[PDB]
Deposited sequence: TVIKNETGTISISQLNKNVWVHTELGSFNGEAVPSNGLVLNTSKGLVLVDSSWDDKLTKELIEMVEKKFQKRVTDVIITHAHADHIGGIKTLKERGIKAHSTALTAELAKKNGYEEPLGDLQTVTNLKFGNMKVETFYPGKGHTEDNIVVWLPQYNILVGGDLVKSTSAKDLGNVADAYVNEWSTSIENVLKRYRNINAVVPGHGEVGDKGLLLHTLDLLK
């Protein structure tokens, strides 16, 4: 159920009634779109302001609702890049304090810094848990859990099946990354789907894979 756009740059595919994956090329990058009864919520926006705008615009039109909220899963350019777009449209950009301080330190506008280690948000009907499992791909990476769907957005912490290595480890803690992955496996013992930061949606298996990439 791939609804692409004008250019193939942006693309969304349904995971269920209310959860879609968004993917933009910048190397393809995933996030979620949550159709809740109070607006659209993005897990992660995009590479930059341009693609973040195109994304918001494409979902607002399709779903007939405003993007009200974004969850930023770490402060790297590809995740925080459209932050200026979010703040200036009045889109709440949720992040941990650490993601925000990293965003600030890298010259970006700051997201809210409102997420704790475990934070439980509700958007209309939609329950979203954010989970900081520890350092991994970055020091600040969080996962997002949709407890009504048992869906985990692992973000960059989680490598797709097709990832044969760890990608960008310049900011990674390859020693803590295994434990952080394990922390996810323990918190979420029954996962229906996992969305890696890049690549094709999988299950629990993507976390086992990522563990293996770390040996």
Parts of the chain sequence, as deposited, that carry no C-alpha coordinates in this structure: 27-32
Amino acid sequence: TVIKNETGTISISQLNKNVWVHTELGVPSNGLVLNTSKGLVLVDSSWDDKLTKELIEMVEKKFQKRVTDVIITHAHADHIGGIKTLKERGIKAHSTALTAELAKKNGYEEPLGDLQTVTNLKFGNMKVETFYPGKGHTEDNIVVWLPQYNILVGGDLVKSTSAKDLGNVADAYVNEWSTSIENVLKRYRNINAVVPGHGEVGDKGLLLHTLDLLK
From here on, numbers count along this sequence of modelled residues.
Which of 75-83 and 96-104 has higher mean CA B factor, as the PDB entry lists it: 75-83
Which of 144-152 and 46-54 has higher mean CA B factor, as the PDB entry lists it: 46-54
C-alpha B-factor winner, where the candidates are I181, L166, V70, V33: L166
Lowest, middle or highest third - CA B-factor, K186: middle
CA B-factor ranking of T138, expressed as a third of its chain: lowest
Position of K65 among the chain's modelled residues by C-alpha B-factor, lowest, middle or highest third: middle
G90, C-alpha B-factor rank within chain (lowest, middle or highest third): lowest
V128 by Cα B-factor - lowest, middle or highest third of the modelled chain: middle
